[PDB]
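Novice: take these chains first, placed just as they are in the complex:
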Amino acid sequence: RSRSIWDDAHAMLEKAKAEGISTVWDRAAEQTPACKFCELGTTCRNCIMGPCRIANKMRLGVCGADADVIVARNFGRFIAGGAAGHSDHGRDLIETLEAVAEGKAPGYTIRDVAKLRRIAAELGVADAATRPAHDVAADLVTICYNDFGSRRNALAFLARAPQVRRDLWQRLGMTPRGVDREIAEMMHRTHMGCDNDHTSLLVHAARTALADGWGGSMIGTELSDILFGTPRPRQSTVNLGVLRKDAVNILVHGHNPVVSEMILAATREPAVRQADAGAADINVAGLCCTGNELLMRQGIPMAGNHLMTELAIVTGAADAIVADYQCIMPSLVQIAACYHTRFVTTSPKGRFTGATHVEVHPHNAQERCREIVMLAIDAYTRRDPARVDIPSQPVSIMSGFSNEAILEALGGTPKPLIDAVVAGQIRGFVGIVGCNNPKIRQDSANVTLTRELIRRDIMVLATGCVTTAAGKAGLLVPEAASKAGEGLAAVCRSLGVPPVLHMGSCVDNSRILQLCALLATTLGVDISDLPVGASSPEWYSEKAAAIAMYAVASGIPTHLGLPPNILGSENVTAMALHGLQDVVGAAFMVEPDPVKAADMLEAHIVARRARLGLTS
């Protein structure tokens, strides 16, 4: 009850305890209270002269490092881990398009040639409009790979940012030069006896996160649309009720659409769908970011977010989990073992001990994904009928709101959206990026903050876990306009869109940057002048901090529900919470109270409205 706000989670948690199955909430209590030095960030294991803990003797490390350097180093490596997670996903997308471009990817094509030509033209490919698509693709592959090289002075997509913003980064030393390069430079700087200035460390951490948002994640988003289709607005369902008792239930979990879109195509094969075991159909449901993206591009229903993954298996109806990499809890392998579920992994980078590994690459995806769906149809026969309990009834959601889709709904230009903001019908925009964290009652903060913002005529752009949260709350449909303020509801009914726009997965947060950059460029101001905000009310992962860091560094005020492990240095904390405002035009806000967070987000939005000479 205190663990989650959802009845489907409640039913599955009670089912888990009766079956003696330990959940992520059960293990969170074992690790609470946690280590104070680890919680403060005042611990360092970067060499075997240590480990060192800073006290308040023990003021410095053995090498002489103070709490400032130690805390900043840990935080840069935290960000580097998150940027690395997106970086590799984007590299994987580059490899796939090259396989298509070279004609070495059976079942893969370029779904959105129009976007390919536009992106290629945008990044400087000559005659991208009229040359053969595979050549245009190959040239774009080269540009992207160069951003994963070490000879650029700035990443390709950075030109989307307003000039004032690009000039600021260059002056500050923040211009991201290469995706992998900045990750390595961060790891270099955090080695003993290298960067021992907390400001320089935070600057490069900002540089590293910008290499994600304007590099790794952005390449990942745009190539995904090129290969799998650009999302259009569409209807679907959410919650554990997406699982059908009468169908073979395949759950795609992780991030890579290269796999999940091939799992979907294999289930649509005539020979596979024919398989014969008491199967009414082959039901595919989404999890995590690969589910978000399958929802965006295919309308496939989503079973749940981060904390719903273990409870999805406990239902007794998950026949298989097809996983790749990132945010896939290893406990899934043990819980699936308690049932019949075949836990299948597909990435060479995402290995789990005890799993069934069927490695998927573009050259063998069609045959391997077809083999995987047969493993699931086999597992559907061994499912115990006694231990099945699908809790809830699914909820309708609308999804597929890319920037392409938003502009289409606005008639082609951002001016109607702009005009609504100048009038005050839409007072501002807040991108909510949150995850789930067992330290917070599940989706309470996410849904509460979302409800507050739309009540104040502030449009919410949702990605990641908040998608399942707002969707379960009925906020992802046009009819949710009745829960928004008069001005925002007026806009939404005019556009036929919900007051919360689902823009995709964690990688797709680059869409929010692209949108902010477009509005800033259209108006001739910096992103730090737009009435925008970002929130991660229930974040947990390195990727969330990398996202939060690149939002702040791009001019977007960013709220965090839980603090990072940096409180052990008040200097680092003050830089993140206040000092960054003077440097990059935005800052971090830490607030566990979602209502106070709405006040803080709205206050900044109001302030930027006044700087534009507008009424709030």
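Specialist: Yes, it's here. Numbering: from 1, shown residues only, chains lettered A, B, ... in the order given.

Novice: ok, the residue nearest the centre of chain A to residue A:612 distance?
Specialist: Of all residues in chain A, the one closest to the mean position by C-alpha atoms, centre = their mean is residue A:506, 1.0 Å from it. To residue A:612, residue A:506 is 30 Å away according to C-beta to C-beta, to the nearest Å. Placement of C-beta: from N, CA and C, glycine included.

Novice: name the nearest residue to the residue nearest to the centre of chain A, sequence neighbours excluded.
Specialist: Distances taken as C-beta to C-beta, 6 or more residues apart in numbering place residue A:464 nearest to residue A:506, at 4.8 Å, with adjacent residues excluded.

Novice: now swap in residue A:422 and tell me
Specialist: residue A:614 (5.9 Å).

Novice: residue A:28 too?
Specialist: residue A:438 (3.8 Å).

Novice: before we move on, what about residue A:544?
Specialist: residue A:536 (5.2 Å).

Novice: please apply the same query to residue A:65.
Specialist: In this structure, residue A:65 finds its nearest non-sequential neighbour in residue A:196, 6.3 Å apart by C-beta to C-beta, 6+ apart.

Novice: test my guess that the one you found contacts residue A:69.
Specialist: Yes - with contacts counted by C-beta atoms under 8 Å, residue A:196 reaches residue A:69, the gap being 4.9 Å.

Novice: ok, these two, which is more surrounded?
Specialist: Neighbours were counted for residue A:196 and for residue A:69 using other C-beta atoms under 10 Å; residue A:69 has more, 25 against 18.

Novice: could you also fit chain B onto it:
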Amino acid sequence: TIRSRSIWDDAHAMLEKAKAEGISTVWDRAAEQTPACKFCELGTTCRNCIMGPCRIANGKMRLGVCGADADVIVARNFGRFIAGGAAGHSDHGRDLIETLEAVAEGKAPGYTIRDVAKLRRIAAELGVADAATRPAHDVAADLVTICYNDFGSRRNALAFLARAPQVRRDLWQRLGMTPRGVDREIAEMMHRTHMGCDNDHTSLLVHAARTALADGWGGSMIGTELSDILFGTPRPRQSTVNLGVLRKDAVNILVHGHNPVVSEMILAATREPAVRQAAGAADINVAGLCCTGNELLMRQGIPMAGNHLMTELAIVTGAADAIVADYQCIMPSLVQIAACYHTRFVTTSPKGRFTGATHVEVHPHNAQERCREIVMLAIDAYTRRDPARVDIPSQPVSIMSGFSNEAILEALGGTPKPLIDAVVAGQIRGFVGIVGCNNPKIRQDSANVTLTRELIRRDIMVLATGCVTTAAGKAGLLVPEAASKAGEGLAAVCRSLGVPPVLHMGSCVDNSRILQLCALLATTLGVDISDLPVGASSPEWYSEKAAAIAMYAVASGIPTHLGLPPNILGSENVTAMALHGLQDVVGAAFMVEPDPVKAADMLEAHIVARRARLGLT
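Specialist: Below, chain B sits with the chains from the block before:
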């Protein structure tokens, strides 16, 4: 009590001088952090997300909040440890590519290509067309491209990897270990260690091996070869060691860190007539520290003031007029210790920023003017030195240095066949590259020198890099006359060649020379590196770069001994994989032994075993 800190009299005098002056040393701070955190020492702590942090216990706390066990958690921490060290070398190599490209474009005043012959040879080796006869700047530019591509994401294997025997390359490929890109493997390691990605301890150790190979065969190797191209390939030469290199009558500039791009330009500025005339001092004195000092010693014969733990004690002498630092292994306490005196602590790299220092950023386009400004800062500081607080402890010791692979082969008449013949006869029973640092957990240089003395006594030639250079040098082991401390066979070889029984091959980056030498001997014999009577030791290691070095040695076939254990004892599976499992996979393994004599037995035992596998006595 300070006699237990170091084995050297210059260190003793400075530690006792530090105690009287109330200056806290790295040894004083080591005792404050002992006993350390047990979970951190075991590796059973994880801070990779804010669902945690998590500690594993030995029924609660068996797993992390995400479900991760001690195996995954310990392996993740160790992979990130390796990634930090590879990252340190990676960026140094990237800096040298940037420098050669500046030379190649004519945008680097004072920089030239010292070794055109090596440039043409390296370019030809990596596939540059007509590298032998085309203009040097074009040859350089084409080589710059090859190196940058190894810092890209489109190669299937790094360029220098072809030096390895085919059998070794086939093994890496089968295992999934082939390093594809320098930065790529670092990022992939960080990706794998994110929550919910690689949760298989075997896969994690494999990629850590892949990442370290991207260093030794990539970052460090590019760093070594381009450095020789730009600053000269080391030839054997004489020099002095210890704190006595500092002259009371001269302006004392200490270069500390790693980048020769700066230190070789600091040396040239001191040789300028106006700068040398500006110095009321008797001379301008440049001395080496850490790895940049190793490299100035190798290529210029510049004396070295001391190793890792001697850096703070160098300032306490009261004679260090300036410290020119860049990045890596430069303790931030140096800024506070220098503040107690007149010393100007100068930093030059954008990547190595220290709070409170005098920052004069050095890049190839402005090095000549900036380094000239830095030497003037030091000449200014020479006037502000208090004569009362100066006490230079010891008298310097003669050393011989400059043993690159080029130098070794030259001493052998051009081919490794004489070196090979001595090994088949048994005059040289094997080779051990000692890579150690210093660690306040061990009496300074005790284990290093003790192991070195034991090995040469058993006819085992020692190849020294890094800190052990100052260690063996202070012990009189770096001169031809040190043959009297070796066995009959090894002493016999050394007298024939006129070389010491311990060969100084450079800095930590220069450990790639040892790989190049092993690869050459293995290729010449038609066997794997795992078939050679070779070993590696880091008796007093501490840093991420040392663990990356040890990991890439093990992964290339070289048995590697560590004096102190890494933070992995919390998982017996990871420990057994490092200590035994790797032997079945890569033909070599880690050996953990704090007793240097037992370490010599362990190193010699493996050497003996590989001699038998080659059919030798």
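
Novice: back to the nearest residue to residue A:65, now that we've got chain B?
Specialist: residue B:332 (5.5 Å; C-beta to C-beta, 6 or more residues apart in numbering or on different chains).

Novice: quick one on the thing from earlier: contact partners for the residue nearest to the centre of chain A?
Specialist: A:86, A:217, A:255, A:289, A:433, A:463-464, A:543-544, A:547 (C-beta atoms under 8 Å, 6 or more residues apart in numbering or on different chains).

Novice: equivalent analysis for residue A:428, please.
Specialist: Here residue A:428 is in contact with A:421, A:458-459, A:531-533, A:602, A:605, A:608-609 (C-beta under 8 Å, 6+ apart).

Novice: ok, of those, which one's closest to chain B?
Specialist: residue A:533 (20.9 Å; C-beta to the nearest C-beta).

Novice: checking that closest one next. Helix, strand or coil?
Specialist: strand (DSSP: H, G, I helix; E, B strand; the rest coil).

Novice: also the one 10 residues further on?
Specialist: On the three-state scheme (three-state DSSP), residue A:543 is labelled helix.

Novice: surely it and residue A:306 touch.
Specialist: No - if you go by C-beta under 8 Å, residue A:543 and residue A:306 don't touch, sitting 11.6 Å apart.

Novice: so what sits against both of those two?
Specialist: Between them, residue A:543 and residue A:306 share the contacting residues residue A:327, judged by C-beta under 8 Å, 6+ apart.

Novice: quick one, which of these two is more surrounded?
Specialist: residue A:543 (32 against 25; other C-beta atoms under 10 Å in any protein chain shown).

Novice: residues in contact with the more buried one?
Specialist: Applying C-beta under 8 Å, 6+ apart, we find residue A:543 in contact with A:82, A:85-86, A:326-327, A:506, B:194.
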